Every structure is written in structure tokens, then in C-alpha cells.
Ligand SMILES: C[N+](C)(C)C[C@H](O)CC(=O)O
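The chain below stands alone, shown as C-alpha cells; this is the form solved without the named molecule.
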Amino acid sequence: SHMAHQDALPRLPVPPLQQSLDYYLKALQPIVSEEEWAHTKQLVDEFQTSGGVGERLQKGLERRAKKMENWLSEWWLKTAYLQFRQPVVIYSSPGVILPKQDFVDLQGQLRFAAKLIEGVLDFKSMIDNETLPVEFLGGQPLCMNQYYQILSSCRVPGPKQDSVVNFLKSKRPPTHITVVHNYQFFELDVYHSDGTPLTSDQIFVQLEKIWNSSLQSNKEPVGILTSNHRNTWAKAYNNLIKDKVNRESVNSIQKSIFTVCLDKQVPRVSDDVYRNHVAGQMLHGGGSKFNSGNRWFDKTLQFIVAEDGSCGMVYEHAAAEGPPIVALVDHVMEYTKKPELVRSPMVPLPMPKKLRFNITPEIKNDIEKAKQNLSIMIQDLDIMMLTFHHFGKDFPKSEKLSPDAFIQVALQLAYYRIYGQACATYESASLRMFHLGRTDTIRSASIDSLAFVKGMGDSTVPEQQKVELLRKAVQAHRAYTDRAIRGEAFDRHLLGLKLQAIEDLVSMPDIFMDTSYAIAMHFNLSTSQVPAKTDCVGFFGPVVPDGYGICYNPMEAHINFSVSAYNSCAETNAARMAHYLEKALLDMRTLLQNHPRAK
């Protein structure tokens, strides 16, 4: 946004080598054996010895920070996403379930979709004109770059690694979105010749034409191709665009401001699993016989409007970070509530262009393979949605405790109660205090959290001691969180040192081949907070086979939770985890309320 704002942003720092390594050792203590830790302790000493390996890699990073706007940006984008070859569906792109709407028929479905589209466009005008209010935290400026990467962008498959395209500020910025109904894509202009955007009224009319132009689900679901493994899709994609019309259709989709999915009616399911199924619809589409073919997962922003009133979205992580999504969601959902103005007469509108795909035996075969792969992926995903109604940010705030820290500690307690030990845990920290900053790691399994979880279930530890361990664990998490936001965390730094060595063509440092590092980076618990004003929540699959994916949005008086796991791992169970988490949150509240400070 504002040039002066961005120019005043500090550059991402390179923490002192001794600092990060000391923090690293501290974070390893609760998750590795005494034997593995003592060894890592030795490797760390060797790594930072004067004139040693680590010393040179550090200087390498320091030279890097001097020459680039952000020393970590490209590396992070490349290693975390562009080089990740698993399908983006479930394993990378987060899904979000929004408040269910009240429409009961197709007309209502199109009307809402029309309103949503207008809302996103309204948000876009602020981004285009850079009038989007600049943001701060604790009095310090926050980078606004993330906002200029979510619209008019798309991920592009590559044989070895993928890439991202962004046309928001190209010579001739896109003025159309893409609409997909019954697996058929349409190019819809949402701006009149004079630059003004179409009204919800005008949009509805265009959506009506699109719906009518694709009444049956009688076309191959080419879109489902985007849900396959990245190496597989890269090849199928190359073949797909050999045809001129296909290439043109793909191009229109890639350049579209965003995509809106008008989903088809799905079978009824028992009430107790309804939310779980809707989450599924937003994350992956539910399957080849449902709405998965009504998607283009390479697209950065996909808004989904279900037939039964439900709605949500799925965003591609390479190009989109959490903050901009939250802002867009809160803005759009409010816009959909603002009083619509009196209907001004309507002018003629063109027919939205259908983006056809010429099917061949090769493309058809690729589609069938994609259906099979996605069916396997979905069958292995175990999702449990939990609406914690007992309390929200209100209780923790009444105890002068950070709600996010409180939740993370509860999760640590729940995990320990089930497995009897702690595990590498990941929570995302925002690095927006720095120019082009994305994320760093907050490690929730710590010396203090382990002390608390153990003491909580130890009959020999007096409740008064248990409550003190609880407050220390929460305060310790809060401190880690604040340090990470200030660039004092160590995970991206250690990654940087490793990448620096790779680039310098030196032998992989021992500290990275260390078993302790492998354990440290294998997150059995991968979490994320969605601090939105809108009553919504996100979800994603676990980052490891034997892990859980836990997302939450703390509201004032309740907390929205999603817990995912893979069935292929017999040791994990989403429902069981959600149950323990609920009880953990409750037991922590009970302990605190019965053992207050002093009068």
C-alpha cells in the first residue's frame, strides 16, 4: 500500500547464531531423548565454533540481507510451497467455512453469489487505489504486501517446481472473474467500459445466463485435474494446453480476479455430521461425483456458494497468506449485510463467454486418474468440527491470559493425555512487522508446557502447584509468540543456514542430518489461528501421516475448532482429539477459577 509506510518497514533480520541455537536446544528438550539432546548439544557447539561451518553460513545470510529486500522471501516461497509436490488439495490450500446463508432456492443462491462478488470487488477497489487502511501493531507498521498477491493470481504447474503469476498490476489488469457451474467455466466481465464495477443486480443477471448455459453436469470435469499430485498435474497440464482453445480457457482462468463456484445439490447427511461434510466440500469438494470437479485449485482465491445455503472458500497457499484472507472475509461478509441501494434501471449486458475444453483420450485418461487419486485422498481424511460453546476469548481475558496461548496449552494438555508424551508442534507467527514478511514458527511444545501437562496429571502435585505451572506455560507461550513476531524465533533462521550451505555447495552440515532436527521438523501437531470477526473457521490436513491438523477461530464467547487426521494412521483419531481438547480447555478453566490469586 502507501509507499511511505512500506519504506519505513524494518528489514527481516538475521538473528545471532548463538541466540537461535540456544532457543533451538531449549525447544528440543521436551521432544527428544536425553541421549539425542546431548548429541545435538555437541553438534551445536561444533557448528558455531570460531572459524567453523556455522560462522561462514551466518555471514552468508548477512550478506544476503544486505542485497535483498527480504533475505528469506524467495527461499521460503520456494521451499515451503513451489517445491512441495503433494497435491495442493488438503495438503496445502486451507479451506474456510463461512456462516450459512438463508437462501432456499437457486435464485437465492445466485443472489448471494452476486452479493459476494460485489463485496470482493469493493475490497479490491481499496487494493487497486491503495486506499486500503495501512495497518499497525503495538504502534509498529505492518507490511501490506500480502494484500497485493491474492487477487488476479494463480499457481502454475512446473515439471520440477511450480510458480505463481499475478496480473493485478500488469499492463492491462484483468477485469473478469471466472464462474464455474456443473464443471463448466465461464469468463465474466465485472466492470463496465467506463471502469465502474457491475452491480449485484447486473451480476445476478449474468450469473443467470451462465447457469442457463450449463444446465446439466454433462461435460468432463477438467478442473479436477488440479487436485492431483504436482508432478502428475504438471504433465497433464502441459498436454492439456497443447490445444489452442484449452490454452485460451486456462489463460482466462489464470488471469481471472478470482473464481466463484456455484455448487450442485448434494445428498442429505445426518445432522451430527453435517458440518463435517460441509467442511469437506470447502476443502476438497467432496469427491468426483459431487463438487470437486467444480474447482480449479491452482487459483489463489475460490469462493464457494453451496446449493443448501452453505458457503466458504479455499485459497492457494503459495500466493496467499492468512492475514489478507481474514481481512477480505470480514470485509465481504459485512458488505453482504449492508443495505442494498434502490435498483437503478439496467443496461444491456453481453453473454458471458464459456471457456470450453477440447477433450481427447489422453485428457480423459488424465481426468480418470485424477478422480481415482482424489477419491483416495478424501477417503483417508478424518475431519471433526468442534464448536466449543463453553467460553471464548472472554474467560482467558478475564484471567489476564492470552486466549491464543491458552488454547495452545490446552492442546498440549489434550495431546499428552492421549499419548503420554509431547510432540513437535507448529503454530504460525506473522512476520509482517518486517518488509515482505510472511511467517516463522512458534513451537508450542516447550519445557514449561511439558512441566504443566505432566504436573496436571500427577497426583503428587498439589492443585495450587498445577495452577502455577499452567500460568507459567501460558505466559511462556505468549513470550515465544511475541518473540517470533519480533523476528527472534529460530526456525526460518535455521532453514536459512541450511539453504545457504546448499547454495555455497558445501557438504550438508551435521546439525541438519541430526535425528533431533528430523524430529523437530516432523509436526505431529500443526496448528493455525484464524482470528476473524466473522463466525468462521479454517481447516487443512495434517502435515505428517501420523499427525493432526488443528485450526481455530476464538470468538468472544465460544471457539470454532476443526481437527483433522489421516485414517491410514491407526494411532490418530480426530473425534478423540476434539473430545480431549474440549475437556482440556474445561479442566484448565476449572483449575484457574478454583485457585485464584489473592484478595
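We number the residues from 1 along the sequence you see.
Participant: Taking the recorded C-alpha temperature factors, which stretch has the higher mean, 281-289 or 105-113?
Facilitator: Averaged over C-alpha atoms, the B-factors run higher in 105-113.
Participant: Look over 166-174 and 437-445 in the entry and identify the one with the greater average Cα temperature factor.
Facilitator: Of 437-445 and 166-174, the stretch with the higher C-alpha B-factor average is 166-174.
Participant: Whose CA atom has the top B-factor in the entry, of 309, 496, 457, 509?
Facilitator: The C-alpha B-factor peaks, among 309, 496, 457, 509, at 457.
Participant: Tell me which of 220, 368, 194, 482 tops the list for C-alpha B factor in the record.
Facilitator: Highest CA B-factor of the listed options: 194.
Participant: Considering only modelled residues of the same chain, in which third does the CA B-factor of residue 350 rank: lowest, middle or highest?
Facilitator: Top third by C-alpha B-factor.
Participant: Would you check the entry's CA temperature factor for residue 568 and let me know if it's in the chain's lowest, middle or highest third?
Facilitator: Its C-alpha B-factor belongs to the highest third of this chain's values.
Participant: Which third, lowest, middle or highest, does the CA B-factor of residue 560 fall in along this chain?
Facilitator: For residue 560, whose C-alpha B-factor we compare with every modelled residue in the chain, the answer is the middle third.
Participant: Consider only the C-alpha atoms of the modelled residues in this chain, order them by B-factor as the entry records it, and name the third containing residue 209: lowest, middle or highest.
Facilitator: It falls in the top third of the chain.
Participant: Taking the C-alpha B-factors as the PDB entry records them, is residue 42 in the lowest, middle or highest third of its chain?
Facilitator: For residue 42, the deposited C-alpha B-factor lands in the highest third.
Separately, the form solved in complex with the named molecule exists; it is not shown, and the next lines address it.
Participant: Please determine, with the chain shown alone, which of 104-112, 522-530, 272-280, 451-459 has non-hydrogen atoms within 4.5 Å of the named molecule in the deposited bound form.
Facilitator: That would be 522-530.
Participant: Three residues, 176, 296 and 356; all within 4.5 Å of the named molecule in the deposited bound form via heavy atoms?
Facilitator: No, because 176, 296 and 356 lack any heavy atom that approaches the named molecule to within 4.5 Å in the deposited bound form.
Participant: If we define contact as a non-hydrogen atom of the residue within 4.5 angstroms of the partner, is residue 187 a contact of the named molecule in the deposited bound form?
Facilitator: Residue 187: no contact with the named molecule in the deposited bound form.
Participant: Taking 4.5 angstroms as the cut-off for heavy atoms, does residue 76 touch the named molecule in the deposited bound form?
Facilitator: Yes - in the deposited bound form, heavy atoms of residue 76 and the named molecule come within 4.5 Å of each other.
Participant: Taking the shortest heavy atom distance, is residue 182 within 4.5 Å of the named molecule in the deposited bound form?
Facilitator: Heavy-atom contact with the named molecule at 4.5 Å: absent for residue 182.
Participant: Going by a heavy atom distance of 4.5 Å, is residue 118 a contact of the named molecule in the deposited bound form?
Facilitator: No - in the deposited bound form, heavy atoms of residue 118 and the named molecule never come within 4.5 Å of each other.
Participant: Just give me the single entry in 254, 428, 373, 199 that has a non-hydrogen atom within 4.5 angstroms of the named molecule in the deposited bound form.
Facilitator: The residue in contact is 428.
Participant: Looking at 284, 230, 492, 443, which is the one with a non-hydrogen atom within 4.5 Å of the named molecule in the deposited bound form?
Facilitator: After the contact test, the surviving option is 492.
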